[PDB]
Structures are given as structure tokens and as C-alpha cells.
Amino acid sequence: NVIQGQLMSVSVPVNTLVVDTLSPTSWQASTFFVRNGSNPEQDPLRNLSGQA
Amino acid sequence: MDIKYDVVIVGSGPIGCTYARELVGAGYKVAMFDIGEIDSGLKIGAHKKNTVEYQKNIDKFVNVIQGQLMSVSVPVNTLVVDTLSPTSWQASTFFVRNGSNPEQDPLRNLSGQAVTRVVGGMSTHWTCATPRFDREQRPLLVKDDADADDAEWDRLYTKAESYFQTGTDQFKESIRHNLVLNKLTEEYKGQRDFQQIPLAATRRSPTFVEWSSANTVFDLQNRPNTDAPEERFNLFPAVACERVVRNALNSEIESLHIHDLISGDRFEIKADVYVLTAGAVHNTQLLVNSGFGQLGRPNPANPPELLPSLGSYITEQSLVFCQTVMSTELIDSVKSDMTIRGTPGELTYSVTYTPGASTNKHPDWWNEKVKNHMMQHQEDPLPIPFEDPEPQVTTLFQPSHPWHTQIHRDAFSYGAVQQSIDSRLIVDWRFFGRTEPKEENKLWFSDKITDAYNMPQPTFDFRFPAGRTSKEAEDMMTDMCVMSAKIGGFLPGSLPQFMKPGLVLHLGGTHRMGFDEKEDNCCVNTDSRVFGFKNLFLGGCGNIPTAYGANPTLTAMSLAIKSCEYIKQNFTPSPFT
Amino acid sequence: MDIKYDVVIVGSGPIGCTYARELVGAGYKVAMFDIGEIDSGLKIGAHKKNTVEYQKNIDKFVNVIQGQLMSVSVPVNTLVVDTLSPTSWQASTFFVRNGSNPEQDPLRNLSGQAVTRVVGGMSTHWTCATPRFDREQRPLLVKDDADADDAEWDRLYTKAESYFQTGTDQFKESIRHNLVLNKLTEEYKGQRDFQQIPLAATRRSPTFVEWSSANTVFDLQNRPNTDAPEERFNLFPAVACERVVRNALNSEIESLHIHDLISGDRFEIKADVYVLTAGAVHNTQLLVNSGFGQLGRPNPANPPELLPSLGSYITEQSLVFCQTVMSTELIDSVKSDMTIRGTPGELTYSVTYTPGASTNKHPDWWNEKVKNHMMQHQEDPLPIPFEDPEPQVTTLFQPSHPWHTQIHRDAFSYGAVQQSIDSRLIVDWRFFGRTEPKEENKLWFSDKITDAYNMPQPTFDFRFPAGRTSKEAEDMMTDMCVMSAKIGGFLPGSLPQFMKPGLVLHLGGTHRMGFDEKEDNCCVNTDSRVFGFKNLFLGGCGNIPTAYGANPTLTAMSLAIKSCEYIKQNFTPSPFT
Amino acid sequence: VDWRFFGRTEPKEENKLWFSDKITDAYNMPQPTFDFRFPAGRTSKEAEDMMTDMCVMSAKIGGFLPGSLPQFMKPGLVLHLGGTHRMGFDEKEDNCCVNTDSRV
Ligand SMILES: *Cc1cc2c(cc1C)nc1c(=O)[nH]c(=O)nc-1n2C[C@H](O)[C@H](O)[C@H](O)COP(=O)(O)OP(=O)(O)OC[C@H]1O[C@@H](n2cnc3c(N)ncnc32)[C@H](O)[C@@H]1O
Ligand SMILES: *Cc1cc2c(cc1C)nc1c(=O)[nH]c(=O)nc-1n2C[C@H](O)[C@H](O)[C@H](O)COP(=O)(O)OP(=O)(O)OC[C@H]1O[C@@H](n2cnc3c(N)ncnc32)[C@H](O)[C@@H]1O
């Protein structure tokens with residue numbers, strides 16, 4: 001846990017996971033926009049995803 | 001196989017079988033085609049859960065369901081697998097792989113929507129709940145005359161209930177059923193009514209219920225036969241129906257084009273009357289492949305020649321779900337009338353009650369079952385008999401609670417931790433919301449991508465409408481939380497949740513009914529006849545134009561009955577030759 | 001229903017059908033009972049995967065398998081659920097719940113062992129792999145004459161292979177099959193031989209394989225019929241066979257007591273010959289219910305009167321599994337013979353080869369399929385045609401590699417992240433080990449706990465033996481790791497692993513064959529006749545007394561053929577009147 | 001017992017760490033971005049041979065622990081990234097950034 005607490009991911013690609021069980025009343029995305037410090041420059045298939 | 005019939009029916013689900021029942025019985029020479037095959041035992045199109053093995057192990061039946069549901073539209077997969085060995089072949093792009101549909105926006109899908117291709121269709125696996133719609137949920141059949149409309153609906157629903165063997169009595173002596181029913185009745189006294197879910201089923205014994213299906217409506221045996229020597233019917237499984245051929249005037253269908261999947265041959269089949277009952281998605285595919293509506297991505301700049309509302313105004317219900325673990329107070333209440341002496345597993349253990357005591361909270365039949373369970377199974381810590389049937393409770397849709405409810409048990413795949421909880425304690429909760437029909441919600445078909453039967457790939461463009469539908473959906477969730485609490489707390493791993501859109505399989509409005517094609521934005525009239533065409537009829541939930549919460553099959557069946565009445569008045573059976 | 005026959009057979013799996021085929025054909029009046037029901041369509045007992053839908057959607061078939069596998073012995077669950085609501089009823093002990101078997105030690109189980117109760121038995125879903133056993137794996141039928149023993153086994157296997165329609169040619173023109181076959185052949189040149197898995201199956205088209213089943217062996221139609229007017233056969237589904245009655249001398253069976261599950265009626269059925277083919281677990285159960293062996297927890301103080309080895313020496317194979325993702329080198333090799341001009345998607349794109357050129361690595365048929373795929377589907381990044389059949393590769397069990405191997409694809413439940421990998425790239429690896437028969441490895445039946453059919457509950461006491469069995473199992477794992485790497489790296493989520501004990505369903509030795517009851521610690525002789533009894537025979541994998549890694553059913557069938565040869569020489573069919 | 005085998009990766013010009021001219025990180029600095037794959041040839045062959053070697057060697061000691069079966073780790077989880085400001089004798093000839101005194 002100490003280790004995990006002090007490793008911050010270098011480059012996180014934009015997240016394209018589909019969450020389709022939101023309540024109809026919840027604000028819902030129309031696109032996979034740049035969220036949560038993700039890096040839109042990053043090709044997710046040419047990454048070092050574990051680099052921190 | 002002739003190529004000439006009085007009537008041809010596409011699909012052998014319960015709605016096609018409604019057409020077959022009415023029209024075969026009325027003396028028509030009928031052919032029915034299904035893309036799927038016979039696989040329910042000797043009773044063709046029967047419910048798969050009516051085996052002794054599945055009545056003994058109902059939870060295994062989830063696998064039967066899953067094994068015959070094929071997802072309608074699966075978007076391109078964008079999951080990153082970055083732990084492959086460097087020697088394995090690795091993608092540079094998220095290419096079209098594994099039957100995925102590149103047309104499909106993953107954020108505007110009905111991801112849960114699926115289809116079944118087997119003789120009997122989805123009625124070989126369905127839960128059998130057959131409630132009527134109240135006026136608020138129900139399409140009009142008579143305009144500007146409420147009494148006449150009600151009368152017509154009661155007549156049709158009564159016949160439909162007869163065809164399905166709907167009843168509200170099959171679980172009347174379950175202890176779990178009554179425990180739940182009585183508690184909710186008391187909790188909502190003066191506010192809401194509770195009753196047994198209306199179920200298309202007949203109890204045969206205390207441990208076997210014969211669930212209804214297509215086969216219940218029509219046995220699907222070829223005719224003439226010994227029981228039916230003057231009737232004419234042929235079922236042709238493993239035949240893909242690909243299109244209906246329009247005349248130039250768009251006033252008549254001239255043939256049905258079919259592809260026999262075993263021999264590979266293709267034919268044109270001729271009939272006086274053509275009935276499409278292939279389900280809400282595949283009736284729409286068939287019509288679009290035949291030149292109705294518009295093929296390809298919606299394009300309002302080029303409106304279609306025929307049936308412009310085809311595949312718009314689609315509705316699917318929101319569904320919330322949880323499971324609960326029965327309260328201690330409710331469990332203790334089961335044995336409230338018992339006098340208990342001794343210590344279990346000892347010789348002095350005694351469980352008794354005084355029948356007829358006016359101080360008894362429960363009737364004699366209940367106390368007798370409890371007494372016997374407790375006396376005969378002293379190792380077991382619960383008062384509920386091992387073979388006690390599941391609850392089957394509902395409070396039906398009303399204005400002040402505009403959702404359908406099922407408080408019950410259906411087949412479920414319990415996680416290993418969950419299997420830790422005694423099944424007697426568990427109750428499932430499913431609340432189903434109504435969805436406003438909106439033109440922007442659509443089912444369309446690719447002009448390039450094809451499905452597993454080389455037909456235009458179905459694509460959804462769907463979101464639950466803003467406004468009432470969305471407010472109601474979230475109020476429904478809250479109501480499930482509130483109501484369920486009265487029975488017990490949630491079961492870990494089955495916490496309150498929305499299900500993936502469409503997993504419910506109650507899709508409607510894809511080929512919707514109305515009085516006037518233009519004014520009511522619709523595809524079929526109240527006889528289920530395609531506007532403009534003398535001899536083309538659609539049956540199924542796709543006809544239903546309204547926002548409904550309750551399970552739709554009974555209402556679709558009622559519409560099909562009415563459709564058959566029109567057919568009987570407008571087409572003459574061939575003389576039996 | 002009369003209650004008098006020449007031969008009665010308990011169970012309608014492929015081994016009961018072997019007896020039916022032999023003895024119905026030889027003119028005997030035969031009855032066959034199954035506790036399960038007809039549910040594969042019109043072809044009674046057929047492979048459920050032989051539908052167009054399952055051949056288009058093969059991965060859905062895992063659900064069909066799961067829906068008809070009921071776990072034999074599930075120990076008491078000790079999972080802690082401590083996040084229930086305080087109002088919910090909650091356990092103070094881990095009490096006997098949800099059909100668990102309190103006799104079962106969770107650490108000495110075959111937790112993966114399961115049974116199927118449907119007409120056709122497990123042959124309605126099996127993978128159809130039908131290898132012969134080599135001498136090392138195979139029980140002796142002739143002593144002290146290896147050549148005579150080989151000759152008898154060759155005769156028998158050859159007949160069995162004809163009953164099953166076993167072949168090694170059904171995948172010969174698959175690109176993926178040959179890609180894998182050729183690579184492994186080269187890598188192990190001079191060390192191991194590779195061939196197609198022998199499969200009970202007949203190809204009917206490029207995209208349809210008719211997989212064999214009990215139905216292949218015997219069609220299960222009642223006779224006399226039009227095609228067989230002088231044969232006599234009846235099948236009675238939904239009939240639980242409960243016990244055979246012994247005479248006072250323990251020399252003859254006098255009747256079979258049955259319980260019709262539909263009517264509830266019980267009957268005593270009389271025959272000249274009684275054949276138990278209920279599977280390795282349920283044959284043992286019926287025998288123990290009939291006074292053979294010992295009921296209850298093993299007690300060596302208290303010796304069984306009859307068949308003291310029954311339910312001892314049980315064997316189940318170790319099974320290791322992984323999937324791989326095909327190497328970039330192999331994938332590029334598929335297109336080695338192509339010249340590619342231009343850019344995919346453009347007018348100028350061209351993929352050509354030179355037919356018959358002596359420097360081509362691949363045959364013309366191969367190159368033509370690759371060329372057409374690449375030219376017609378320029379969007380696709382792989383050279384493998386979309387409808388290319390799966391690999392079906394084996395190197396058979398040998399002393400230097402004492403395990404059976406299957407390098408193939410069969411029905412599989414892929415997680416969404418694995419669904420990310422193109423299916424053409426995926427290969428399944430399953431290596432099966434042999435287990436030494438040990439007296440201490442037992443299947444026994446409770447004297448208190450009962451199963452869903454009110455029969456004595458099965459209980460395992462099993463561990464993989466120390467010594468050779470265990471060493472070989474681990475060597476087998478390493479072998480799989482080494483061999484599979486030649487083809488591609490592991491697929492994440494399908495990493496190399498041992499499967500739960502018994503999940504393989506290749507249980508043997510519960511009613512084992514030998515020459516001498518005492519000397520060979522066994523229950524039937526080489527005619528499969530129960531020692532001491534004139535007219536009781538057992539068929540199935542329970543007969544196999546040796547340590548085997550290969551799939552046993554073909555071997556069990558061969559033994560049934562030999563058994564029928566004895567019955568024909570020793571019993572006279574009744575005159576057909 | 002834990003088993004970790006680490007492979008060597010051939011330096012290739014195409015394998016890059018670069019920085020966005022628009023996107024910024026948590027410290028308002030140019031966002032790092034990778035463009036990386038394990039090179040074909042020796043690197044890839046060796047990585048898979050290494051996997052096999054672990055499977056063979058570890059078997060001498062015991063069988064795999066369920067849930068910790070043989071696997072590649074996500075690229076870079078190892079945190080042994082090198083060569084981003086690489087040393088050599090001659091800037092141009094050795095394609096490098098610092099000399100053997102680590103001087104730019
Ligand atoms: C799957 C399911 C459904 C279900 C349910 C629970 C489950 C898990 N519970 C329900 C319940 O409690 N109450 C209720 O009203 N409905 C519930 N359902 C849904 C219900 O089964 C369906 O509404 C119903 O079966 C619809 O009937 P219909 O007859 O309209 O359609 P179908 O059963 O889908 O049968 C259509 C058939 O047509 C064939 N087909 C499809 N395409 C073609 C083509 N091109 N050519 C020829 N035949 C075609 C199918 O194979 C199918 O059998
Ligand atoms: C499940 C499975 C099996 C399988 C396989 C893959 C799967 C997923 N792959 C195999 C393969 O590739 N090669 C092979 O050799 N075997 C493979 N199998 C196993 C194979 O299916 C079995 O070995 C085979 O079916 C055994 O045949 P047998 O005829 O001996 O037994 P059965 O198929 O289990 O059928 C027995 C029947 O008897 C009935 N029954 C049971 N109890 C009673 C009683 N009390 N009364 C009357 N009938 C009874 C069953 O219902 C059953 O149908």
C-alpha cells in the first residue's frame with residue numbers, strides 16, 4: 001500500500017469504458033471526453049501504461 | 001412443401017402461434033416458417049423449464065436462457081489488453097472483430113437487447129407474467145368512446161388469457177408468497193393493492209408448475225392429423241425469411257422470399273395473406289430489407305417512400321433490480337402460532353399448535369406445514385418448508401406508482417458467497433418503468449454491415465427520454481428501496497441497480513399501431529394491417545405505440561386476435577383440396 | 001406399458017445406445033429407461049450443438065453445457081457474509097443449506113464432478129474426441145498374449161469408431177488447423193507425432209459439422225416402425241430406475257424397480273438381461289441401493305457382502321488448460337506466398353500468388369482462400385478467412401509424454417476484455433493426465449443424506465495419488481507451457497492452470513473390470529458381467545480399471561460391444577409374435 | 001515463492017517519450033506521452049523464451065499458486081525505464097545526449 005500510494009501513472013489514455021447502468025436522471029456523457037487527468041495524446045495501444 | 005398457401009406466418013413465437021391458432025382453426029391453409037429449429041422435446045415450441053430436472057434445480061435454467069439470447073448490436077470493443085506476450089500478434093487499431101457493429105454508438109445503445117431463434121421463440125424461456133395494461137398504458141382501439149374501448153380490450157384480453165392459461169392462483173398456498181403478500185398488503189393498506197402476479201401457467205402438483213408457451217397457444221403439429229383431420233398447417237423450421245415482395249403500386253405483397261438453411265435453396269412462396277411475427281427487431285429488418293422505411297443511417301433530407309415512422313418511436317422499459325434477505329421479524333412470524341418444547345435433536349423436542357385457535361395468526365394449513373417441517377427437520381434453523389414455492393407478488397402499475405412490479409423468484413445465477421444465504425430467505429425485486437415514445441429513438445439497419453444471417457445489421461440510437469420517463473425511472477428506484485425494506489435488507493451482491501438497457505426484452509414501437517399513418521406517426525392500423533397494403537399484417541410488441549411498464553406479450557396477443565378477426569372477414573379459405 | 005422384456009437398459013447415453021444398437025439389431029425385445037427427458041429436437045438423443053444457431057454462435061453453447069451439469073457433491077458453504085442488514089435473518093452456524101452435502105470433506109472432493117440427466121446423456125453436449133488407448137492406458141482383454149489382446153482391441157475399436165462415425169479428416173483444409181499442425185510437427189520432428197484429434201463427427205458443409213451423439217449410435221425411435229418393422233424397442237423417458245432385485249442365492253437379478261416421474265407410479269419390470277448404463281456415478285448408486293457394496297461411510301471393520309471393490313479405486317484425470325494468442329511470425333507465415341501491391345482500401349490494391357510455384361510454402365487451396373480474404377476484406381488486418389474452421393490438433397499419449405493433448409477450440413465463455421482479441425488468433429490447450437487407481441480413492445453414498453431424486457447422496461473421498469500421478473501432472477503442466485509457446489503467448493485471463501478436480505468428467509473405475517474379482521479388485525469381468533450374477537451387466541467409464549489420460553468413451557463403447565457379444569451367445573431373443 | 005524474470009529491450013529510435021505542446025500534467029508541465037512497443041526480433045523472442053524459462057524453472061520448486069499464474073506485467077510496471085537521455089561517446093554517431101562524464 002505504501003508503494004501504491006506514491007506511484008502516480010505517467011500517461012493514462014482517455015477512458016472508453018461504457019457505463020450504461022446510470023440512472024436516467026444522472027448526467028451522462030455523449031462522448032469519451034478528456035476526464036480525470038487522462039492524456040488525449042496517448043495511443044492506448046502504444047503506451048507504457050504501468051510507468052509511474 | 002408447396003409454394004402456395006392461404007396464409008404464411010413468419011415466426012413461431014406466441015404471437016405467430018396466435019395467428020396460427022385462429023387461422024388454422026378457421027379453415028385456412030397455413031404455412032409457418034421459423035429461422036430457428038425444433039429443440040423443446042416432443043411438445044413443439046414448449047417451455048424448456050417444464051422438465052423434471054429444471055423443476056428440481058431452477059437456478060440452472062439461467063443457462064438455458066443465456067444460451068438462446070444473441071445480442072442485437074455490440075459496439076466495437078475498445079478494451080486495452082497490454083499484457084500479451086511480445087511474440088503474439090497485437091492490434092494497431094480497434095478493428096471490427098468478433099461480430100461487432102461499427103455503426104453502433106456505444107453510448108446510445110440498447111446493449112442488453114437480444115433475440116432468440118428457436119421454434120417457439122422467447123416463449124420457450126420466458127417468465128410467463130401476463131398482466132393487462134390499464135388505460136394509461138394501453139393503445140386506443142376505439143376513438144372517442146371509452147366504454148367501447150374498454151369493452152373491446154376486456155373481450156380481447158379475456159381470449160388472450162384463455163390462450164395462455166393465465167391465472168392468479170398457482171401460488172396461493174405458498175408460505176413465502178403469503179408472508180410477503182400479507183406484509184405488503186398491511187404496509188400499504190388504503191394506499192396500494194397487492195395480488196399474485198398473473199402467470200401463464202398451470203400447477204400440476206405441489207412441486208411442478210407447467211409454464212405456458214407458444215405450444216400452449218398452438219401445438220405446432222402439422223395438419224391434417226388424427227386429432228385435426230380437416231385443418232391444414234405446415235411448420236418449416238431452419239428457414240430464413242428474407243423479404244416480402246411489393247407490387248409496383250405498393251398496394252399488395254406478391255410473394256415471400258425464403259432461404260432454406262439446411263438445403264441452401266431459395267424459394268418464392270405465394271400466399272393470399274402475409275403475417276410477420278418475427279419479433280420487434282426482425283420484423284423491422286424484414287420490412288427494411290423489402291424496401292419499407294429507409295436502409296442505412298437515418299437521413300431526414302431523404303425521407304422514405306413507405307412507412308416513414310418504421311423503426312422510430314422505439315420504447316424499452318427501464319428496469320431496476322435487487323434481492324433481499326428476509327427479516328428476522330418476518331421469519332419469526334412464520335412460527336408465531338407454535339408452542340415449542342424441548343431441544344431440537346432431543347427426544348423431548350415438541351412443536352405443536354392448537355388448530356382453530358382465534359388467537360392464531362395463521363391458518364391451519366400454514367401451521368401444519370410449519371409444524372411438520374420443524375418436527376421432521378430439527379437440524380434446520382428455519383420454519384419454512386424446504387419445498388415451499390416462491391413468492392409471486394405484484395402491485396400493478398397505477399398513476400401514483402407508474403411502474404410494474406414483480407416481487408418473486410426467477411432463475412438466478414447466485415455468486416459463491418451469495419449461495420451462502422439460504423434460498424428460502426431470498427426474494428427478487430424487479431420494477432419496470434414506462435418509456436415515452438420519441439421520434440429520435442430508433443432502430444435502423446446498416447447498408448454495409450451484415451449480421452450472422454447476412455442481413456442488414458441492426459443498430460440502435462437510443463436514450464431514455466428526458467422529462468417524465470427519467471423522473472419516473474429514478475422515483476421507481478427509490479420506491480423499490482423503500483418497499484423492499486419492509487421485507488428485508490438487500491442481499492450483498494444484488495444491491496439496488498439499473499439493468500443494462502434492453503436486458504428486459506420488452507422492446508416496443510418499432511412498427512407501431514395507430515388510427516392514421518401520418519397523424520399518429522405509425523405503421524399499422526388497429527387491424528395490424530400495414531397501411532397501403534391489402535394483405536400484409538404485423539404482430540408483436542413492435543405494434544405497441546404507448547409508454548408501458550407492464551409485461552407486453554399479453555397485449556400483443558390481444559392485438560393479434562383482433563387482427564385475425566379482420567383477416568377472417570376479408571379473406572376466404574381455400575376449399576379443402 | 002408392459003413390464004416384460006428380453007433386455008432392459010438403464011440409461012440412454014452412448015453406452016446404453018451401444019447395447020440397444022447391438023441387441024435391438026439382433027432381434028431382442030428391448031426396453032430402455034432414462035430418468036431424463038427428450039430435449040434435442042426431433043432426432044432423439046442428438047447433439048445439441050447441431051443447430052444452425054450454435055454453429056454460427058458457437059460460444060453460446062457453453063451455456064447449454066452448464067445448464068445440464070448438476071454437481072455431484074457440494075460441501076457445506078463456509079463463506080462469511082457480514083454485510084447483511086441488521087434486520088435480515090442471519091445464521092449462527094454454517095448449517096446445511098441449498099442442497100449441500102454435509103458428508104463431504106471439502107478438501108477431499110471432486111468438486112468439478114457433475115452429472116447430466118437428459119435423453120442421450122452427456123453425448124448431447126460432449127466434445128466428440130474419440131482416441132484409442134495405447135497398451136499402457138488400456139485394460140487387458142486377453143492375458144499372456146499381447147498380439148491377441150491387440151487384435152481384439154483393434155476389432156472392437158474399429159466397430160466403435162463406425163458406431164460413432166469417428167474420423168480424422170473433418171478439419172483437413174482449415175488454415176488455422178494446418179498452421180498449428182505444421183508448426184508443431186516441425187518443432188517436434190523426430191520426437192513426437194501430431195495429427196488431427198479423432199472426432200465423432202461428419203462435415204456437411206464448409207460451415208457445418210454434424211457432431212455425433214447417442215442418436216448416431218442408435219436413433220432411439222420406438223420399434224417396430226416402417227424402417228425397422230421386425231425390431232422391438234421402447235424408450236421410456238422421465239423414469240427413475242431405483243434398484244435391481246437379487247435372488248436369495250445372489251446369482252440372478254429378478255426385476256428392476258422403477259419410478260415414473262410423471263405419473264408417480266412405481267413398477268417392477270422383468271427382463272432376461274439387465275444392463276446398467278447410467279454413468280459412472282449413478283450405476284454405482286443404483287448398485288449400492290440394491291445391496292451391492294456398502295451403504296454409508298466406508299467401514300473396513302464391516303465387510304460388504306457383495307462387490308467389495310465397488311466405489312473404490314476411482315480415477316479422474318488431472319486437467320491443465322490455457323489459451324494462446326497466435327504469434328506474429330505464424331500469422332505473417334499465412335501470407336508468405338502473396339505479393340502485395342499498393343495500399344488496402346485503394347483502387348490499386350492487389351494480392352496475387354503464383355499457383356503451383358515450387359517455392360510456395362503453402363498449397364494452392366490455402367493461397368486461394370488467403371488471397372480472396374485479403375482482396376475482399378481489405379479493412380481486415382488478418383490473412384485468415386472469417387469462416388476458417390478451428391484447429392483440432394493432438395499429439396497422442398506416449399510413455400515419454402504420458403498425457404493426452406487437445407489443441408483446438410471448443411465452446412468458451414470469454415470475458416469482455418478477452419472478447420477484445422480476434423477469435424481467429426485464439427487456440428485452446430487442454431492436457432489430460434492419467435491417475436493411478438488407489439483403494440483409498442472412493443465414491444460412497446450416504447445412509448442419511450439424500451439427493452434431488454431421493455437417492456443416497458454421493459460423497460467423494462479423493463486425492464490425486466502421490467508418486468507417479470502427481471509428478472506426471474506437474475510435468476504435464478510444464479509440457480503445456482513449453483509446447484504452447486511455439487504457437488503464441490498465453491491469453492490474459494486464460495493463463496496456465498489446473499482445472500477443478502473432476503471438471504473434466506472422465507471419472508473411471510467406480511465399478512471396475514478385471515479377470516478375477518479378488519485378485520484384480522474388481523466388479524465386472526471382461527464381458528462386463530457382474531461377478532456371481534448370470535444376467536446383470538454394467539457399461540461405461542466406471543468399468544475402466546487403468547490409469548488413462550485419453551478420453552474414455554470410445555474405450556467404454558468397445559467394452560460394451562464385447563459385452564453384447566457375450567449376451568448374444570448366452571441369451572435367446574423371444575419369438576416376435 | 002515469487003518469481004520475477006526481467007528481459008532486456010533493444011534501443012530503437014521509434015520508441016519515444018515525448019511531451020504535449022497543449023496538454024499539461026498536475027504540475028502544469030508538458031504532459032508526457034509514450035510511443036512504445038517491444039521491438040520485434042530479439043527482444044520479443046527473448047521475452048517469450050523468458051516466460052517459458054520461468055515456467056520450467058519454477059516447476060522445480062512447486063506448482064503455480066492460483067491467482068498468481070504466469071503472466072506478463074503491464075508495460076512499465078517494472079519501473080526500469082532507460083535511455084531517455086542516453087549516454088555515448090559521440091552525439092551523432094552514438095545517437096546520444098550525454099557523454100561518458102554524463103555531461104550534456
Ligand atoms: C427472454 C425472456 C423473455 C421474456 C421474459 C423473460 C425472458 C428471460 N419474461 C416475460 C414475461 O414474464 N412476460 C412477458 O410478457 N414477456 C416476457 N418475455 C418476452 C416474451 O417472451 C416476448 O415478448 C414474446 O415471446 C414475443 O413473442 P413474438 O412471438 O412476437 O416474438 P418471439 O417470441 O421473439 O418469436 C419470434 C420468432 O421469429 C423468428 N425469426 C426471427 N427472424 C426471422 C426471420 N427472418 N425468418 C423467419 N423467422 C424469424 C424467431 O426465430 C422466433 O422464434
Ligand atoms: C459433459 C462433457 C462430456 C464430455 C466432453 C465434454 C463435456 C463438456 N468431451 C468428451 C470427449 O471429447 N470425449 C469423450 O470421450 N468424452 C467426453 N465427454 C464425456 C462423455 O460425454 C461421457 O463419457 C459419455 O456420455 C458417457 O456415456 P454413458 O452412456 O456411460 O453415460 P451418460 O452419457 O452419462 O448417460 C447416462 C444416462 O443415464 C441416465 N440415468 C442416470 N441415472 C439414472 C437412473 N437412476 N435411472 C434411469 N436413468 C438414469 C442419465 O439421465 C443419462 O442420460
Side-chain angles (χ1 to χ4, degrees), chain B residues 36-42 48 51-53 56-57 60-64 66-68 70 77 79-81 83-93 95-98 117-118 238 261 324-329 331 379-381 416-423 425 452-453 488-490 492, chain C residues 36-42 48 51-53 56-57 60-61 63-64 66-68 70 77 79-81 83-93 95-98 117-118 238 261-262 324-329 331 379-381 416-423 425 452-453 488-490 492:
Chain B
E37 291 173 270
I38 294 176
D39 74 352
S40 293
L42 292 172
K48 285 176 193 204
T51 70
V52 166
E53 274 289 85
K56 281 176 185 295
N57 314 287
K60 281 296 201 157
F61 193 74
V62 195
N63 295 116
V64 178
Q66 283 305 297
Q68 64 188 34
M70 272 45 135
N77 187 301
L79 296 170
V80 176
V81 179
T83 53
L84 303 171
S85 178
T87 55
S88 287
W89 192 98
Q90 200 174 128
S92 292
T93 66
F95 68 97
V96 180
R97 282 165 275 156
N98 301 333
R117 302 180 184 91
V118 305
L261 298 175
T324 52
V325 179
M326 214 79 83
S327 65
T328 308
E329 287 199 309
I331 296 300
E379 77 293 359
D380 185 65
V417 186
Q418 305 200 305
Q419 301 187 255
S420 196
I421 301 298
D422 194 285
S423 54
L425 299 166
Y453 293 88
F490 308 125
Chain C
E37 293 168 92
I38 297 177
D39 80 336
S40 305
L42 297 172
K48 291 176 179 197
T51 71
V52 174
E53 194 75 325
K56 287 171 171 288
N57 310 263
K60 284 287 188 181
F61 197 68
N63 296 118
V64 177
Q66 288 173 348
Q68 59 182 43
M70 269 54 142
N77 189 298
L79 301 181
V80 179
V81 178
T83 58
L84 307 164
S85 170
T87 56
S88 282
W89 192 90
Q90 82 166 241
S92 292
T93 63
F95 63 100
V96 172
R97 274 167 283 148
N98 300 336
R117 297 180 180 94
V118 301
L261 298 178
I262 298 309
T324 57
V325 176
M326 207 85 74
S327 67
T328 308
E329 288 191 346
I331 293 301
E379 80 290 356
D380 184 71
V417 168
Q418 303 189 126
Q419 290 190 99
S420 192
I421 300 300
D422 191 287
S423 58
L425 299 164
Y453 292 85
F490 308 126

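Chain letters run A, B, ... following the sequence lines, proteins first and then strands; every chain starts at 1. Keep in mind that the numbers below use all heavy atoms, side chains included, and drop hydrogens, waters and symmetry copies.
Of the listed residues (C:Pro492, C:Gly67, C:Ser88), the one with the most heavy-atom contacts under 4.5 Å to chain B is C:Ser88. Ranked by heavy-atom pairs under 4.5 Å with chain C, the first of B:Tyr453, B:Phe95, B:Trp89 is B:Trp89. Looking only at heavy-atom pairs under 4.5 Å with chain B, the residue among C:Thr93, C:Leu42, C:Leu261, C:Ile262 that has the most is C:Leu42. Chain B forms the most heavy-atom pairs under 4.5 Å with one residue out of C:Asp39, C:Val81, C:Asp380, and that residue is C:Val81. Annotation: maximal heavy-atom pairing with chain B below 4.5 Å, among C:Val118, C:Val52, C:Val64, occurs at C:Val52. For the set C:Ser423, C:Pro381, C:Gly488, the count of heavy-atom pairs under 4.5 angstrom toward chain B peaks at C:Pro381. Highest contact tally toward chain B, considering only C:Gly41, C:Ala238, C:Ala91, is held by C:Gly41 [criterion: heavy-atom pairs under 4.5 Å]. When B:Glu379, B:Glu329, B:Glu53, B:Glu37 are compared by the number of non-hydrogen pairs under 4.5 Å with chain C, B:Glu53 comes out ahead. For the set B:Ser420, B:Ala452, B:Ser85, B:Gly489, the count of heavy-atom pairs under 4.5 angstrom toward chain C peaks at B:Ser420.
Judged as a ring pair (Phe, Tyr, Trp, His ring centres under 6.0 Å), and not counting sequence neighbours, the contacts of C:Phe61 are C:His47, C:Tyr54. Annotation: side-chain contact (heavy atoms from CB on, under 4.5 Å) contacts of C:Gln66 (sequence neighbours excluded): B:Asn63, C:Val62, C:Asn63.
Interface residue C:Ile331: only side-chain heavy atoms are found under 4.5 Å from chain B. Contacts between C:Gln419 and chain B at a heavy-atom distance below 4.5 Å involve backbone atoms as well as side-chain atoms. At a 4.5 Å heavy-atom cutoff, the contact between B:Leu425 and chain C is made by side-chain atoms alone. For a residue to count as touching a neighbouring chain, one of its non-hydrogen atoms must lie under 4.5 Å from one of that chain's; by this rule C:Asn57 touches chain B with the side chain only.
Using modelled atom types, no side-chain atom of B:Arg97 and backbone atom of C:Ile421 make a donor-acceptor pair closer than 3.5 Å.
Considering all non-hydrogen atoms of both residues, B:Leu79 and C:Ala416 come closest at CD1-O, 2.9 Å.
Atom-to-atom distance recorded for C:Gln418:CD and B:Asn98:CG is 11.5 Å, nearest 0.5 angstrom.
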